[PDB]
Amino acid sequence: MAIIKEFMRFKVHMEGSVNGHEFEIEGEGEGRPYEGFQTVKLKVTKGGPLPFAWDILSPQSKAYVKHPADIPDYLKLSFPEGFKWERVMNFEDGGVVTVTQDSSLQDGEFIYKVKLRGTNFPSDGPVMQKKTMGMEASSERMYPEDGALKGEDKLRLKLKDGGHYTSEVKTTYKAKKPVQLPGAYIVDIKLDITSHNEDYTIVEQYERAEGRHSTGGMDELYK
Ligand SMILES: [Zn+2]
Ligand SMILES: [Zn+2]
Ligand SMILES: [Zn+2]
Ligand SMILES: [Zn+2]
Ligand SMILES: [Zn+2]
Ligand SMILES: [Zn+2]
Ligand SMILES: [Zn+2]
Ligand SMILES: [Zn+2]
Ligand SMILES: [Zn+2]
Ligand SMILES: [Zn+2]
């Protein structure tokens, strides 16, 4: 019977630094992995208040993506051992965030460990000046490659003064044991900040994520 229950909790710890500013975050989350939604509460436990935009940290929990039965749910199937991911975010103004993560299931809940480093953000840019205010919905394009599941997305952070600040995101998600990979598909995601204290040292988020077949192009109908 099911390792991943219809309701699952998680704990997460991140160690990070952005433009030299070190910090740690601890959090706990919960959600319904087969329905595709989840929430999390994070606390900046060291290094607060952060001198940069929370939004670059917000996308740093793929067990909770709803999948139709005909798309292998590779990352759920990886449990209880779990999976790792590695991510590069290349922001439009040259800032770069790298992230590594380990996901496992221990004592009936998910355990997440994250390490993050951001560098090369302009001192007067929207990240270091805290001038973003959330992200738009996105669609992560998922595809098998090099024995892992890759995702590619273009994140759009909303600027306080209107307009967007963007990042090209590439992630590699790899099960700790060989698990059947899906074919290429798409995950529609929306992530909201649902609560924060005045200096964003306590932040709560809600995410909805659902996999579907790729829309495809007209060209493919002639194949
Ligand atoms: Zn039920
Ligand atoms: Zn500092
Ligand atoms: Zn609750
Ligand atoms: Zn310290
Ligand atoms: Zn289908
Ligand atoms: Zn735009
Ligand atoms: Zn709260
Ligand atoms: Zn706010
Ligand atoms: Zn205020
Ligand atoms: Zn084509």
# chains A, B, ... in the order shown; residues from 1 in each chain; ligands from 1
>>> residues_around(residues="residue 89 in chain A", least_positions_apart="6", cutoff="8 Å", atoms="only C-alpha atoms", output="list in words")
residues 96, 97, 98, 167, 168, 169 and 170 of chain A
>>> residues_near_ligand(ligand="ligand 3", cutoff="12 Å", atoms="only C-alpha atoms and all ligand atoms", output="VMD selection string")
chain A and resid 7 to 10 28 to 32 37 to 41 204 206
>>> closest_residue(among="A:195, A:78, A:214, A:139", to="ligand 5", atoms="only C-alpha atoms and all ligand atoms")
A:214
>>> residues_around(residues="residue 187 in chain A", least_positions_apart="5", cutoff="8 Å", atoms="only C-alpha atoms", output="list in words")
residues 65, 139, 140, 141, 142, 209, 210, 211 and 212 of chain A
>>> write_last_selection(atoms="C-alpha atoms", output="PDB file, in the first residue's frame")
ATOM      1  CA  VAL A  65       2.356  17.571  -8.687  1.00  0.00           C
ATOM      2  CA  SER A 139       4.557  26.164 -17.275  1.00  0.00           C
ATOM      3  CA  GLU A 140       7.604  24.056 -16.640  1.00  0.00           C
ATOM      4  CA  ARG A 141       8.537  21.992 -19.703  1.00  0.00           C
ATOM      5  CA  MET A 142       9.594  18.533 -18.511  1.00  0.00           C
ATOM      6  CA  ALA A 209       0.890  22.195  -9.920  1.00  0.00           C
ATOM      7  CA  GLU A 210      -0.594  19.839 -12.487  1.00  0.00           C
ATOM      8  CA  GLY A 211       1.053  17.806 -15.237  1.00  0.00           C
ATOM      9  CA  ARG A 212      -0.493  17.439 -18.661  1.00  0.00           C
TER      10      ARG A 212
END
>>> closest_atom_pairs(of="range 40-144 of chain A", to="range 15-18 of chain A", cutoff="7 Å", atoms="only C-alpha atoms", output="JSON lines")
{"residue": "A:114", "atom": "CA", "partner": "A:15", "partner_atom": "CA", "distance": 6.5}
{"residue": "A:115", "atom": "CA", "partner": "A:15", "partner_atom": "CA", "distance": 5.0}
{"residue": "A:116", "atom": "CA", "partner": "A:16", "partner_atom": "CA", "distance": 4.5}
{"residue": "A:117", "atom": "CA", "partner": "A:17", "partner_atom": "CA", "distance": 5.0}
{"residue": "A:118", "atom": "CA", "partner": "A:18", "partner_atom": "CA", "distance": 4.3}
{"residue": "A:119", "atom": "CA", "partner": "A:18", "partner_atom": "CA", "distance": 5.9}
>>> closest_residue(among="A:164, A:94, A:52, A:202", to="residue 25 in chain A", atoms="only C-alpha atoms")
A:202
>>> residues_around(residues="residue 12 in chain A", least_positions_apart="4", cutoff="7 Å", atoms="only C-alpha atoms", output="MDAnalysis selection string")
chainID A and resid 26:28 111:113
>>> residues_near_ligand(ligand="ligand 10", cutoff="6 Å", atoms="only C-alpha atoms and all ligand atoms", output="PyMOL selection string")
chain A and resi 217+219-220
>>> write_last_selection(atoms="N, CA and C atoms", output="PDB file, in the first residue's frame")
ATOM      1  N   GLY A 217       2.653  21.162 -31.678  1.00  0.00           N
ATOM      2  CA  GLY A 217       2.483  22.063 -32.794  1.00  0.00           C
ATOM      3  C   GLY A 217       1.774  21.421 -33.941  1.00  0.00           C
ATOM      4  N   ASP A 219       2.874  21.198 -36.791  1.00  0.00           N
ATOM      5  CA  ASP A 219       3.850  20.435 -37.557  1.00  0.00           C
ATOM      6  C   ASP A 219       3.804  18.948 -37.235  1.00  0.00           C
ATOM      7  N   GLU A 220       3.511  18.619 -35.969  1.00  0.00           N
ATOM      8  CA  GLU A 220       3.515  17.238 -35.455  1.00  0.00           C
ATOM      9  C   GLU A 220       2.360  16.427 -36.025  1.00  0.00           C
TER      10      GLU A 220
END
>>> residues_around(residues="range 44-50 of chain A", least_positions_apart="4", cutoff="6 Å", atoms="only C-alpha atoms", output="list in words")
residues 22, 23, 24, 25, 199 and 201 of chain A
>>> select_by_dssp(residues="range 81-206 of chain A", states="strand (DSSP E)", output="ChimeraX atom specification")
/A:83-91,96-106,109-119,132-135,138-145,148-159,164-175,185-196,202-206
>>> write_last_selection(atoms="C-alpha atoms", output="PDB file, in the first residue's frame")
ATOM      1  CA  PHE A  83      15.415  12.158  -5.485  1.00  0.00           C
ATOM      2  CA  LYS A  84      17.814  15.046  -5.905  1.00  0.00           C
ATOM      3  CA  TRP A  85      17.620  18.178  -7.935  1.00  0.00           C
ATOM      4  CA  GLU A  86      20.088  20.725  -9.184  1.00  0.00           C
ATOM      5  CA  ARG A  87      18.963  24.079 -10.569  1.00  0.00           C
ATOM      6  CA  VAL A  88      20.450  27.086 -12.370  1.00  0.00           C
ATOM      7  CA  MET A  89      18.559  30.367 -12.573  1.00  0.00           C
ATOM      8  CA  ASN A  90      19.939  32.900 -15.037  1.00  0.00           C
ATOM      9  CA  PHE A  91      18.295  36.259 -14.441  1.00  0.00           C
ATOM     10  CA  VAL A  96      22.766  33.742 -11.125  1.00  0.00           C
ATOM     11  CA  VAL A  97      21.274  31.380  -8.531  1.00  0.00           C
ATOM     12  CA  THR A  98      22.420  27.792  -8.166  1.00  0.00           C
ATOM     13  CA  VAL A  99      20.607  25.365  -5.974  1.00  0.00           C
ATOM     14  CA  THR A 100      21.038  21.741  -4.884  1.00  0.00           C
ATOM     15  CA  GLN A 101      18.355  19.780  -3.098  1.00  0.00           C
ATOM     16  CA  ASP A 102      17.791  16.403  -1.564  1.00  0.00           C
ATOM     17  CA  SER A 103      14.314  14.950  -1.046  1.00  0.00           C
ATOM     18  CA  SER A 104      13.621  11.816   1.022  1.00  0.00           C
ATOM     19  CA  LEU A 105      10.772  10.268   3.007  1.00  0.00           C
ATOM     20  CA  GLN A 106      11.660   9.657   6.678  1.00  0.00           C
ATOM     21  CA  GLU A 109       6.999  12.816   6.130  1.00  0.00           C
ATOM     22  CA  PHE A 110       9.101  14.301   3.375  1.00  0.00           C
ATOM     23  CA  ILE A 111      12.495  15.739   4.317  1.00  0.00           C
ATOM     24  CA  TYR A 112      13.956  18.457   2.155  1.00  0.00           C
ATOM     25  CA  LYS A 113      17.535  19.821   2.375  1.00  0.00           C
ATOM     26  CA  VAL A 114      18.430  22.800   0.164  1.00  0.00           C
ATOM     27  CA  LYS A 115      21.662  24.696  -0.488  1.00  0.00           C
ATOM     28  CA  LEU A 116      21.476  27.884  -2.473  1.00  0.00           C
ATOM     29  CA  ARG A 117      23.890  30.523  -3.676  1.00  0.00           C
ATOM     30  CA  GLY A 118      23.085  33.711  -5.614  1.00  0.00           C
ATOM     31  CA  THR A 119      25.835  35.959  -7.057  1.00  0.00           C
ATOM     32  CA  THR A 132       9.667  42.422  -6.957  1.00  0.00           C
ATOM     33  CA  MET A 133       6.223  41.435  -5.700  1.00  0.00           C
ATOM     34  CA  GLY A 134       5.481  37.862  -6.557  1.00  0.00           C
ATOM     35  CA  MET A 135       5.677  35.640  -9.605  1.00  0.00           C
ATOM     36  CA  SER A 138       4.266  29.422 -15.329  1.00  0.00           C
ATOM     37  CA  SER A 139       4.557  26.164 -17.275  1.00  0.00           C
ATOM     38  CA  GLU A 140       7.604  24.056 -16.640  1.00  0.00           C
ATOM     39  CA  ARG A 141       8.537  21.992 -19.703  1.00  0.00           C
ATOM     40  CA  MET A 142       9.594  18.533 -18.511  1.00  0.00           C
ATOM     41  CA  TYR A 143      11.650  16.115 -20.664  1.00  0.00           C
ATOM     42  CA  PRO A 144      13.788  13.036 -20.178  1.00  0.00           C
ATOM     43  CA  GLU A 145      17.508  13.471 -20.836  1.00  0.00           C
ATOM     44  CA  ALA A 148      17.008  12.176 -15.439  1.00  0.00           C
ATOM     45  CA  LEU A 149      13.944  14.356 -15.767  1.00  0.00           C
ATOM     46  CA  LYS A 150      14.813  17.901 -16.825  1.00  0.00           C
ATOM     47  CA  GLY A 151      12.629  20.978 -16.429  1.00  0.00           C
ATOM     48  CA  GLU A 152      12.933  24.308 -18.195  1.00  0.00           C
ATOM     49  CA  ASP A 153      10.928  27.420 -17.281  1.00  0.00           C
ATOM     50  CA  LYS A 154      10.976  31.181 -17.715  1.00  0.00           C
ATOM     51  CA  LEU A 155       9.994  32.742 -14.469  1.00  0.00           C
ATOM     52  CA  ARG A 156       8.435  36.215 -14.524  1.00  0.00           C
ATOM     53  CA  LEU A 157       8.702  38.208 -11.322  1.00  0.00           C
ATOM     54  CA  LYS A 158       6.348  41.149 -11.059  1.00  0.00           C
ATOM     55  CA  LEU A 159       8.015  44.533 -10.566  1.00  0.00           C
ATOM     56  CA  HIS A 164       8.466  41.931 -15.285  1.00  0.00           C
ATOM     57  CA  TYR A 165      11.889  40.761 -14.293  1.00  0.00           C
ATOM     58  CA  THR A 166      12.683  37.337 -15.783  1.00  0.00           C
ATOM     59  CA  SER A 167      14.864  34.297 -15.176  1.00  0.00           C
ATOM     60  CA  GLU A 168      15.664  31.286 -17.399  1.00  0.00           C
ATOM     61  CA  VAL A 169      15.500  28.248 -15.130  1.00  0.00           C
ATOM     62  CA  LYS A 170      16.970  24.796 -15.854  1.00  0.00           C
ATOM     63  CA  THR A 171      16.594  21.986 -13.355  1.00  0.00           C
ATOM     64  CA  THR A 172      17.702  18.364 -13.325  1.00  0.00           C
ATOM     65  CA  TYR A 173      15.566  16.046 -11.148  1.00  0.00           C
ATOM     66  CA  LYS A 174      17.014  12.525 -10.647  1.00  0.00           C
ATOM     67  CA  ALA A 175      15.631   9.594  -8.646  1.00  0.00           C
ATOM     68  CA  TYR A 185       5.215  16.853 -20.936  1.00  0.00           C
ATOM     69  CA  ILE A 186       4.281  20.131 -19.227  1.00  0.00           C
ATOM     70  CA  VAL A 187       3.540  21.126 -15.598  1.00  0.00           C
ATOM     71  CA  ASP A 188       1.338  24.192 -15.079  1.00  0.00           C
ATOM     72  CA  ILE A 189       2.280  25.861 -11.795  1.00  0.00           C
ATOM     73  CA  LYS A 190       1.119  28.850  -9.797  1.00  0.00           C
ATOM     74  CA  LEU A 191       2.889  29.903  -6.638  1.00  0.00           C
ATOM     75  CA  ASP A 192       1.423  32.563  -4.310  1.00  0.00           C
ATOM     76  CA  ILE A 193       2.794  34.237  -1.207  1.00  0.00           C
ATOM     77  CA  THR A 194      -0.136  33.936   1.152  1.00  0.00           C
ATOM     78  CA  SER A 195       1.294  35.598   4.284  1.00  0.00           C
ATOM     79  CA  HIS A 196       4.389  37.449   5.402  1.00  0.00           C
ATOM     80  CA  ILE A 202       8.257  34.619   8.206  1.00  0.00           C
ATOM     81  CA  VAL A 203       6.681  33.766   4.818  1.00  0.00           C
ATOM     82  CA  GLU A 204       3.872  31.396   3.795  1.00  0.00           C
ATOM     83  CA  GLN A 205       3.329  30.088   0.249  1.00  0.00           C
ATOM     84  CA  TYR A 206       0.682  28.083  -1.618  1.00  0.00           C
TER      85      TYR A 206
END
>>> closest_residue(among="A:42, A:218, A:3, A:127", to="ligand 7", atoms="only C-alpha atoms and all ligand atoms")
A:42
